[PDB]
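**Q** Here's a sequence, model it:
(chains A and B)
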Amino acid sequence: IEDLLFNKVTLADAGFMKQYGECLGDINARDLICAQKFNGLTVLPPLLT
Amino acid sequence: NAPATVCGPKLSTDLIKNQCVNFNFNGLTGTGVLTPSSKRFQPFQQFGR
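**A** Residues are numbered from 1 along each chain as shown, chains lettered A, B, ... in the order given. Provided below are the atomic coordinates:
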């Protein structure tokens, strides 16, 4: 039952790591996360996994 | 805002890529890293935003 619930909600960022090289290697796509990171906005992971 | 043909006296240098440098492009100054681009500029376009 927990499998169905998790698939029913769309999440933006699967993880909480975004390497510097990856943003530069993906410049063509206007990724929303890379734009936030380059402007000093950060999202922190929850303590409990 | 657009291509220019009248410029002040100043010596140019060689392009340095994949490194954080101070740049000056036709009078526009800043700091950043330069990498090759796949964008397609029309003849009357000089800058992208």
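**Q** count of residues packed around the closest residue to residue A:44 other than its chain neighbours?
**A** Of all residues not flanking residue A:44 in the chain, residue A:16 sits nearest, at 7.2 Å (C-beta to C-beta, 6 or more residues apart in numbering or on different chains). C-betas here are computed from N, CA, C, even on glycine. Using other C-beta atoms under 10 Å in any protein chain shown, residue A:16 is surrounded by 10 other residues.
**Q** which ones are touching residue A:16?
**A** A:43-45 (C-beta atoms under 8 Å, 6 or more residues apart in numbering or on different chains).
**Q** interface residues of chain B facing chain A?
**A** Neighbours of chain A within chain B, by C-beta under 8 Å from any C-beta of the partner chain: B:33, B:35, B:37-38.
**Q** Now go through those and say which are in strands.
**A** When DSSP state E is applied, the residues of chain B next to chain A are split such that residue B:33 fall in strands.
**Q** Let me know the closest of the residues of chain B next to chain A to residue A:3.
**A** residue B:38 (40.1 Å; C-beta to C-beta).
**Q** Confirm for me that that closest one is in contact with residue A:28.
**A** Yes. Under the criterion of C-beta atoms under 8 Å, residue B:38 makes contact with residue A:28 at 6.1 Å.
**Q** More neighbours: which of these two?
**A** Comparing residue B:38 with residue A:28 by other C-beta under 10 Å, the one with more neighbours is residue A:28, at 9 against 6.
**Q** I'd like the distance between the more buried one and chain B.
**A** 6 Å (C-beta to the nearest C-beta, to the nearest Å).
**Q** Quick check: phi and psi at that residue.
**A** phi -50, psi -50 (degrees, to the nearest 10).
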